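Asker: Pasting a structure here, questions to come.
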Amino acid sequence: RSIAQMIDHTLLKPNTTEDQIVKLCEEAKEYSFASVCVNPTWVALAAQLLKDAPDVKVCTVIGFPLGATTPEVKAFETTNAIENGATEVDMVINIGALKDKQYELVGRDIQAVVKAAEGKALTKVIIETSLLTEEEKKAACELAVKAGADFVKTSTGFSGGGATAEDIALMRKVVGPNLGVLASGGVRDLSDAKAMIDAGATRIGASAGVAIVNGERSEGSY
Amino acid sequence: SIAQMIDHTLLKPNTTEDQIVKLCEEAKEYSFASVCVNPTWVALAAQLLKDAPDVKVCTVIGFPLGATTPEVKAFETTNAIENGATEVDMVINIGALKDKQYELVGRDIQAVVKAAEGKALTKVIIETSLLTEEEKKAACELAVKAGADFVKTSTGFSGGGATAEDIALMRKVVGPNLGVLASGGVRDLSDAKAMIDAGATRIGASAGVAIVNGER
């Protein structure tokens, strides 16, 4: 067992350059991370660099990080990403529509991504917990289940807050065993990741994955 | 009237329908240049301001990170225009610019311009807070060659906003042929006037009501 297989090696900064993407993918091969998460402009490069690393998936983000574009654009960006080599996509919900109880639009928005990814990529639904009430977190997860998503995910990392154990337990309670639960945003050390795992997370989104795995190895050394 | 140069902007991820209604009625009251809303709200803003052709509907493209593909930016532009947008603000591929990949930066801008061709103004956000002085110059030059209509300082989601020296640099590059928009950090009339005196022809802000109410 190793925590690295549950970590999405993420780098989504707007000023990210090619040399940083190359290093991220090489780190993913060395540590056997679950995936690399990069912005859609880097999907083609990540897929080429990891073409012989089948256990390391290419993940990208859709309608990210604001989630306030139309369902038609989110589906097009999903299909475009899959053509470029993405096998996982993390979409952001329409938070405003969720605030307005426009549940049919929130679900159709998620379903547009799911339909474009059908049979080709996992879809993770970022509900952006730092912006939701307790009832909205539950409603968003229920819409993700009804839409056929594979994962519910806490945070973009670009909002006010990140993953909390209480949110993860809430999300795991709604989706049960049928969908994965991803803790992202603010997961900085092994203590953070293990707390999310205990709360019910099955995938960790982080940028410090190397420091997290090295902390795991240090528990075995003198 | 400085109101005619202000883009009444509200791009928060948790923005709700009642806030867009308040945004549009404020713009139709003060005759702002435009409202700037995320693409999900374009169709609503276009109908709320159908009887105010002087107030355009502006939306944002590949916003705010600029790190999606040119084909997606073009689709989002075409989709935004179909929904009622007549001005689009796109974010450059910053990583491509920092990597000297000038053909991709220009092709990326070019994709939005061709989608908007004859239907909408294109504003190119160069995100000055992440750019060296030379990259700021190169970004404007690539905007001119691709056929954009404006150069814009900031997305409103970075660590820095418009500065007078940045506005003057961009104005010197594009001259009179393209507009210069100061966005991010402008909160009063004194800031707005400082950007305009530096060469800006459009102001992006959220406190446009407080700015115009200080024109006494």
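In the structure tokens, each chain is lettered A, B, ... as it comes, each chain's residues begin at 1, and ligands are numbered from 1 in order of appearance.
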May I have the residues within 9 Å of region 6-23 of chain B as a ChimeraX atom specification, using only C-alpha atoms and disregarding those fewer than 3 positions away in the same chain?
Answerer: /A:65-68,94-100,131-132,159 /B:2-3,26-28,32-38,41,44-45,48,58,60,156,202-209
Asker: When you get a sec, could you note down which chain B residues fall within 9 Å of chain A, using only C-alpha atoms, as an NGL selection string?
Answerer: :B and (11-17 or 38-41 or 62-72 or 75-76 or 79-80 or 93-99 or 130-131)
Asker: For CA of residue 75 (chain A) and CA of residue 151 (chain A), determine how far apart the two atoms are, in Å to one decimal place.
Answerer: 17.2 Å
Asker: Can you tell me, as a PyMOL selection string, what residues are no more than 8 Å from residue 86 (chain A) when counting only C-alpha atoms, ignoring any on the same chain fewer than 3 positions away?
Answerer: chain A and resi 43-44+47+57-60+81-83+89+121
Asker: Please produce a file of the residues just selected, as an mmCIF file, in the first residue's frame, where the atoms kept are C-alpha atoms.
Answerer:
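Below you can see selection32.cif, which holds the result:
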```cif
data_model
loop_
_atom_site.group_PDB
_atom_site.id
_atom_site.type_symbol
_atom_site.label_atom_id
_atom_site.label_comp_id
_atom_site.auth_asym_id
_atom_site.auth_seq_id
_atom_site.Cartn_x
_atom_site.Cartn_y
_atom_site.Cartn_z
ATOM 1 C CA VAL A 43 -3.181 17.658 -21.975
ATOM 2 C CA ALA A 44 -1.499 16.757 -25.271
ATOM 3 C CA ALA A 47 -0.417 12.280 -22.578
ATOM 4 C CA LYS A 57 -3.760 9.037 -15.906
ATOM 5 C CA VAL A 58 -3.991 12.395 -17.663
ATOM 6 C CA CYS A 59 -6.487 14.586 -15.813
ATOM 7 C CA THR A 60 -7.662 18.061 -16.781
ATOM 8 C CA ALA A 81 -9.689 17.281 -23.835
ATOM 9 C CA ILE A 82 -10.474 13.603 -24.443
ATOM 10 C CA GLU A 83 -9.287 13.912 -28.042
ATOM 11 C CA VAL A 89 -11.933 15.387 -16.279
ATOM 12 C CA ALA A 121 -12.930 9.372 -19.106
#
```
Asker: Do you know which residues are at most 12 Å from residue 110 (chain B) counting only C-alpha atoms, after dropping those on the same chain fewer than 4 positions away, and could you put them as a PyMOL selection string?
Answerer: chain B and resi 70-71+73-74+77+90+92+102-106+114-117+122-124+142-149
Asker: Record the distance separating CA of residue 154 (chain A) and CA of residue 112 (chain A), expressed in Å with one decimal.
Answerer: 20.1 Å
Asker: Hey, what's within 7 Å of residue 126 (chain B) if we count only C-alpha atoms and toss same-chain stuff fewer than 5 positions away? As a list in words, please?
Answerer: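 With the cut-off at 7 Å, the set is residues 91, 92, 139, 152, 153 and 154 of chain B.
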Asker: State, in Å with one decimal place, the distance from CA of residue 174 (chain A) to CA of residue 208 (chain A).
Answerer: 28.5 Å
Asker: Smallest atom-to-atom distance to residue 179 (chain B): which of B:162, B:194, B:113, B:151, using only C-alpha atoms?
Answerer: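 Among B:162, B:194, B:113, B:151, it is B:151 that comes nearest to residue 179 (chain B).
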Asker: For a quick check of understanding, using only C-alpha atoms, which of A:147, A:7, A:170, A:152 has the smallest distance to residue 118 (chain A)?
Answerer: A:147
Asker: Which of these, A:45, A:11, A:25, A:149, has the shortest distance to residue 124 (chain A) once you count only C-alpha atoms?
Answerer: A:149
Asker: Using only C-alpha atoms, which of the listed residues (B:81, B:192, B:200, B:138) sits closest to residue 166 (chain B)?
Answerer: B:200
